[PDB]
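Taking the form deposited in one PDB entry, here's one chain by itself in structure tokens.
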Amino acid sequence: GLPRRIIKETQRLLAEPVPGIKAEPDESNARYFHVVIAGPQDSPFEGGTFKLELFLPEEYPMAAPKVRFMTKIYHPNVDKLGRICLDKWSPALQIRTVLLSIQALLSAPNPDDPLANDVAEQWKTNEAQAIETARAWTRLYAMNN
């Protein structure tokens, strides 16, 4: 039993997939999505393929989808559990909206001032050392999966 909005958004999501990103529903529960984002060009993640997991709660679209990283990523906005840092949800947004923003965080991984985790503290002080760590982990966990 799926709401009509979720059914037709899924169809438009596959008939017009967001560039550089491929997302599919799960065979059992159609509220779970398996996502794959390409590493943006001229970024420390170029050449990599990053898998994610997206879920649509019962309150969607009045509530935002739930995202989590699968492949290990070195990023000041992603934690050790795959949770991403992003109360600015409107029902006009959709799944492709959330995906385009995650893709944009890899295109510009430099941390924002409010970010106060230590992956963000390392990227701030020794940015050159952190960019090569992001380049290293891209070759490890995102180039053969």
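Numbering starts at 1 and follows the sequence shown. In this text, rigid core is short for the largest set of C-alphas that superpose within 1.5 Å between two forms.
There is another form of this protein, the form deposited in another entry, and it is not shown here; the text below is about that form.
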key: C-alpha displacement of 2 Å or more between the shown form and the other one on the rigid core, among 100, 93, 63, 108   = 108
task = Please say whether the CA atoms of residue 105 and residue 112 come closer or move farther apart in the other entry, knowing the change relative to this form is 3 Å or more.
result = closer
ask   = Given that the distance between the C-alpha atoms of residue 121 and residue 108 changes by 3 Å or more in the other entry, do they end up closer or farther than here?
value = farther
